[PDB]
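Heads up: the structure comes next, in structure tokens.
Every number in this text was worked out from the coordinates using simple rules, so none of it is lab data. Here the Cβ positions follow ideal geometry from the backbone for every residue, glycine too, while neighbour counts run over all protein chains shown.
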Amino acid sequence: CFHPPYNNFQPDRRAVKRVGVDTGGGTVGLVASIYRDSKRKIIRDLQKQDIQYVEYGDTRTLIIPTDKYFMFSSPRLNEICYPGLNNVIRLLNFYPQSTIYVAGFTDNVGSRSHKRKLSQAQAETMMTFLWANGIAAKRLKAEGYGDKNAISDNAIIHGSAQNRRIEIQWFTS
Amino acid sequence: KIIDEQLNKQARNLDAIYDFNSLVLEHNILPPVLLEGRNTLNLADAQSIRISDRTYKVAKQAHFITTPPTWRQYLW
Amino acid sequence: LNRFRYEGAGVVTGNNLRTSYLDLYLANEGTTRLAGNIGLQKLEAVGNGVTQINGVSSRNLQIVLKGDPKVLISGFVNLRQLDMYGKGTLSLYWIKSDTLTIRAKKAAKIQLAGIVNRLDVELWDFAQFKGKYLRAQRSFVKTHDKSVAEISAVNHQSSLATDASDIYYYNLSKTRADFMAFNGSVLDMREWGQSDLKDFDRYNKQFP
Amino acid sequence: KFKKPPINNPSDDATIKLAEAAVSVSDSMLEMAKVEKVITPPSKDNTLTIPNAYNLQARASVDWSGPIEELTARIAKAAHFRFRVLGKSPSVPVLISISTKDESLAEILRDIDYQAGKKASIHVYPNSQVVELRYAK
Amino acid sequence: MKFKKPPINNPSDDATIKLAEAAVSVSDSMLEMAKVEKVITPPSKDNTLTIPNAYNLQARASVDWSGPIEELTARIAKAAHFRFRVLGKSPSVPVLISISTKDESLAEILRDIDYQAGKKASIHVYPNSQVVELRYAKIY
Amino acid sequence: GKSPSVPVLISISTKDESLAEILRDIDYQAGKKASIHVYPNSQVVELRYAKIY
Amino acid sequence: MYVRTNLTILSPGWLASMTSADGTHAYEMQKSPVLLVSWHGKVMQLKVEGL
Amino acid sequence: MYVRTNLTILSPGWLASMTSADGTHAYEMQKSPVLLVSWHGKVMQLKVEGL
Amino acid sequence: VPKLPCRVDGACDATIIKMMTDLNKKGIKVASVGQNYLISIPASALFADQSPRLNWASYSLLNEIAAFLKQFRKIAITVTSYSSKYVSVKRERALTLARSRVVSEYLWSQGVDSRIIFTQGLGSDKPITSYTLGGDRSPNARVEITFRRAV
Amino acid sequence: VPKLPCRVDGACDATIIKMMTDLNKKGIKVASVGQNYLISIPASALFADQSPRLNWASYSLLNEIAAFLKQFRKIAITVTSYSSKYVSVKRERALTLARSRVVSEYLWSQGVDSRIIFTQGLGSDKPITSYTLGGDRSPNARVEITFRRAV
Amino acid sequence: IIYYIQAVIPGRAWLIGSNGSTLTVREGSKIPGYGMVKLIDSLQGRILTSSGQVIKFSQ
């Protein structure tokens, strides 16, 4: 059994039903499961999804699209991206001591206070969602910037679409 | 045909981004239409240079309006 | 005047005691009535007894309870942390501190009000926290089965409930985030009769 | 089992930009209206409220478009109240109208005074059962 | 290894592009003129003073409307179980207003209706008598 | 100063110089058109047009 | 164009108008094949065939 | 010729020059099928037909 | 008539009575009289035990009732929620208000064409049956939506 | 259209992505994010031990880097150099400055259409690795070039 | 000089002013700039002064 709402924040267990349907080669199912849930394979699945990851030495960065992983024009969440959310939780389970920073970014158009409010709300919702899986609150710090710096230009339509983002940085020490 | 149905596809947003009625003054009158100009330079001929900083033009004088206009008179 | 430990079924009553620090230990029905301006850093009581203290100017304190005590404290306490495991009943009038971490296991009844910059509270089972009129800039609430929480968060609200848990806020937060797992509930619990009550705005309107 | 997205989801990025631009211009227009709007205070606003006399509780239908004097004479006759005039009529008298099917006399007279505006007003006395029509100098 | 950029969606249209790039400049002009208006004259009061909230005013509503005002506020009063009052003469020019909002309080809906009306009409609410009245502008 | 309506056009193409000499070359190319000032204590670089005509 | 109805004319602007005791409306203006009304807070178009 | 852009015309000379408050430039000049501008410090040509 | 439409979009009265029969076989009650139509839904297939949280299986029924409301033309729809008495009055009043709020928000997100949707929940102040043995199992806990078909 | 270019001259995105794949499998790190791009190179594969001199085999790799840089249109390219702590602070500052200056001069000598080349070195002021066991073989000793793609 | 509420209990009010002037102010007491204090409410943050105004929380 499974619940699409986050499995009620319960620890997921895929390998048991995988080796059950493999016996219905249990060891074959186990080695297939440790192949499938591995860091390379979960990064490949997260790249099949529209999620960007960059590792550069020790600092590691994750990039989420607001317009596809959010409910529109709101701090509310998109709901269909729950397998990507579960993959995010499964990947971030591997770093149980790293300090986390999270930030939000938007485009150029609107009131500056409005953009700051929206980005702060989105970052706080992401912070609370990550805390909802039981992570300690001192491990994280959230901030929503407006249009202080973007990886694209706001004059181009596609670049202005690229401008809004969710950034998750974490160190190693 | 394609651009007309695409225009019709987003009807409420056009009214959201264009509202003459909010700019309609209390005596049912359209506000007059203006135009601006910054840092104008005219070279009419030799021995003559005309330079201005800002300029403004009343294009259309104000008048009565029975009903507020719409985007359909301008973009359809 | 540095220490007082009492055991063995007695009543201690005093007033006008000025101190920088005294080590207080209470056990076996210490009926304690204190009416002095006591400044202290450490206090301890076991439980199954009453204690009424009026006037505390403490820069730091930490209380751990094991029995079922009934404590009321007046004054101003810069508190740090609290863990409860029995059937405790505590009331503190003013607390101007910064960060509070509260763990509740079995049964607690705490009456708190004041200014808190950052607060986190974990409730396990049959635990009540009536933290109304206690203003928290950052509020974190994590509640397991059969938990009661009444919060007064002002800016940033974070709440999670597993099953059969009730969390009621009493102030409109700028940022609100709530989650229920099996049968949790987070409610607004306002009056609908205030002549100047504000409603949901653009940014805080998170639909439950 | 299956949950569907809403039909009018702004899937296009240009649609998203257009929608937030609409949001911004609507909010800006609301701010313009809020800073423009003139608000009379609800306490010292000069409008004669309901005097709450027992004769004023009756409900009737009245259609009229014209002067005010014979109209309020009929109203005082129906309410069995005496009526007096203070001031003089101008060269052009009051030109008002009221058409209704079920209304009580207190808010009938409140609407009458609202249509009167500033050049005239009325006063109701239920202690001594009278109505007075006051002109402006 | 495939390389993707996370904004990826349905294809757009050039007319939509042109409308958006016009509308962003329009909205920026509206923003700066609103800033100029606020800085050139200060606000004085609020219409929540004349229209305060009360009980059974919080049964919420999601509303789209692009027409006249009388039948709309009649529907509002019928939902609110309130007496409805019309004050003043209806003008020859009809007043047409547009509202697009989702799950708000009725008092705030009345307040923004008043703000969109402006000098043409005003709203007063007496919850002790549970009467909502709409007063026209005695002008011309 | 305001931007004059006649544009001010600079053609400089050199290789591997320090920015102070670059700015001095720019101000010499400007001549009577504009001037360049730098206050490094307040870390401010400013240009100034010619108040003329 | 003389039009007798009970609705509210939107698009082309009318030149003269009357209302009944029933509140039904009469509009008078020039000619156009299209018309716009607000029926119940919702906008709708009208075709003038035979123009 | 009347030309509206957001760029800086260099070569052919113009009769009058006009500017907006938002980086837009307009010029009027004699007719020419050809122009030369500087885009971002790099010099470019422009070809115009229909003349 | 070759260019003018013959009927409104997506109209088949056989499908209307078919989905009405299937819905009444499902258990949700559809009331039809004159111009007024009502739909009563028990809370067992909608929410959990006294909580404003939706099970994942409820969205198929939500899409079905949205499909039914897509069929007709209307101006104002009103959803009213009712419950049982559990601890207070405030608790179930806020619970009914929240449930009505979230279902109204989902319905307005869906493209059923109505101008006004009113949402309210009275808690438990108007019971329907004195049989109060159950809690959420008791049928007094309900949500009903009403409208009048215009023309 | 027959007299107009279909694309920019000397451009093939397939060649771009395959040579970027070759760069990453050679370990020279290329970062693509938005319109902005970064290339980081370990200095141990480029220079001598704490010295501003070049191995002869590095010129082929530098030619490949310039050939990749031929595929884009740019405005300004920023060059930074970084090292490890060797003797002093100023010694590493000047070594990083000299190395960045040399590679900037060779990249200008090669014909890549850039308007502005900025160059500087920082010594070992900002590390990118807490693990600082190695000297010139440490990954913090590096050379970075940053730009943003213009249209 | 304005003042504001920081902590509210049924019976007693904890008030600090705009400049930081603290006040453990009783219901029957005198307040500067407003005379005495008439009423204290906890469910609604409103304190009535004898001078005739309601003082509330800040915003």
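Could you point to the residue in F:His37, F:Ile12, F:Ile52 farthest towards the positive end of chain F's charge dipole, with +1 and -1 charges on the Cβ of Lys/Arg and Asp/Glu respectively?
The one lying farthest along the dipole's positive direction is F:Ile52.
log₁₀ I(q)/I(0) of region C:12-118 at q = 0.12, 0.17, 0.19 Å⁻¹, via Debye over equal Cα point scatterers, no solvent, to two decimals?
-0.37, -0.77, -0.98
Looking at the square roots a ≥ b ≥ c of the eigenvalues of the Cα gyration tensor of the protein assembly as shown, which shape do they give, rounded for a/c under 1.5, prolate if a/b is larger than b/c, or oblate?
oblate
Tell me the trypsin sites (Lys or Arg not before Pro) within region H:1-46 that lie in a loop according to DSSP and have at most 13 other beta-carbon atoms within 10 Å.
Loop-located and lightly packed - H:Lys31, H:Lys42.
Let me know the charge dipole size of the protein assembly as shown about its Cα centre in debye, to the nearest 20, where only the beta-carbon of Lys, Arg (+1) and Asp, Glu (-1) is charged.
Approximately 1440 debye in magnitude.
Test of understanding: what is the full-extension gain from J:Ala76 to J:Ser109, defined as 0.36 nm times their sequence separation minus their Cα-Cα distance?
Separation in residues times 0.36 nm, less the Cα-Cα distance, equals 10.3 nm.
Sort H:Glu28, I:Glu92 by Cβ crowding within 10 Å, fewest neighbours at the top.
Listing H:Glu28, I:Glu92 from fewest to most nearby Cβ atoms yields H:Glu28, I:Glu92.
Farthest toward the dipole's positive end in chain B, which of B:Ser22, B:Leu7, B:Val33, given Cβ charges of +1 (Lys, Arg) and -1 (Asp, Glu) about the Cα centre?
Among B:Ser22, B:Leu7, B:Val33, the one farthest towards the positive end of the dipole of chain B is B:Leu7.
Once you order the gyration tensor axes a ≥ b ≥ c over the Cα atoms, which shape class does chain K get: rounded for a/c under 1.5, otherwise prolate or oblate by comparing a/b with b/c?
It comes out rounded by the Cα gyration axes.
Residues with beta-carbon under 10 Å from that of E:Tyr140, excluding E:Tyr140: net charge, scoring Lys, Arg +1 and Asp, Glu -1?
That works out to +1.
Using the Kirkwood formula over every pair of different C-alpha atoms, what hydrodynamic radius in Å results for chain D?
When all Cα pairs of chain D are included, the Kirkwood radius is 19.3 Å.
Would you work out which of J:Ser109, J:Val1, J:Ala31 lies farthest towards the positive end of the dipole of chain J, given +1 charges on the beta-carbon of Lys and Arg and -1 on that of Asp and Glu, about the Cα centre?
J:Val1
For chain C, take every pair of Cα atoms, bin their distances at 5 Å starting from 0, and report each bin as a whole percent.
1, 7, 14, 18, 17, 14, 10, 8, 5, 3, 1, 0, 0
Using the Cα gyration tensor of chain G, with a ≥ b ≥ c the square roots of its eigenvalues, what is the shape: rounded (a/c below 1.5), prolate (a/b larger than b/c) or oblate (neither)?
Cα axes put chain G in the oblate bin.
Go ahead and run the numbers for FRET between E:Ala15 and D:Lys1, Cβ-Cβ distance against an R0 of 41 Å, rounding to 0.05.
Plugging the Cβ-Cβ distance into 1/(1 + (r/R0)^6) gives 0.60.
With +1 on the Cβ of every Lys and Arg and -1 on the Cβ of every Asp and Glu, and nothing else charged, how large is the dipole of region J:25-151 about its Cα centre, in debye rounded to the nearest 20?
The calculation lands at about 220 debye.
In degrees, nearest 10, range 0 to 90: what is the angle between the Cα axis of helix D:105-116 and the longest Cα principal axis of chain D?
With both axes taken from Cα atoms, the answer is about 80 degrees.
Can you tell me the FRET efficiency between C:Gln81 and C:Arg202 if r is taken as the Cβ-Cβ distance and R0 is 41 Å, rounded to the nearest 0.05?
0.65
With a 10 Å cut-off between alpha carbons and a GNM built on chain D, which of D:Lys17, D:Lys37, D:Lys119 moves the most?
So, out of D:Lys17, D:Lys37, D:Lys119, the one fluctuating most is D:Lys17.
Could you give the size of the charge dipole of chain C about its Cα centre, using +1 on the Cβ of each K and R and -1 on the Cβ of each D and E, expressed in debye and rounded to the nearest 20?
In debye, rounded to 20, chain C gives about 540.
So how far apart, in nm, are the two label points at A:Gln47 and G:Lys31 if each is 7 Å from Cα heading toward Cβ?
It works out to 6.9 nm between the two label points.
I need K:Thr22, A:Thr66 ordered by Cβ neighbour count within 10 Å, fewest first.
Going from sparsest to densest Cβ surroundings: K:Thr22, A:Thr66.
Using helices alone, I'd like the mean residue ellipticity at 222 nm for the protein assembly as shown: each DSSP H run of four-plus residues gives -39500 (n - 2.57), total over residue count, nearest 500.
Value at 222 nm, helices only, nearest 500: -7500 deg cm²/dmol.
Name the residues whose placed amide hydrogens come within less than 5 Å of the amide hydrogen of A:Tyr145, ignoring near sequence neighbours (fewer than 5 apart) on the same chain.
Result for A:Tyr145 returns A:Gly104.
Report the net charge of residues surrounding A:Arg90, where surrounding means a beta-carbon distance below 9 angstrom and charges are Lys +1, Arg +1, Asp -1, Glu -1.
Its environment carries a net charge of -2.
Using the structure shown, list the pairs from B:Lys57/J:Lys74; D:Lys17/I:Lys3; D:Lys17/J:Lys26; C:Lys132/C:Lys198; D:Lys44/E:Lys89; E:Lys119/K:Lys38 with a Cα-Cα distance above 30 Å, or answer none.
Correct reply: B:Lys57/J:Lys74; D:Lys17/I:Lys3; D:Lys17/J:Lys26; E:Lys119/K:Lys38.
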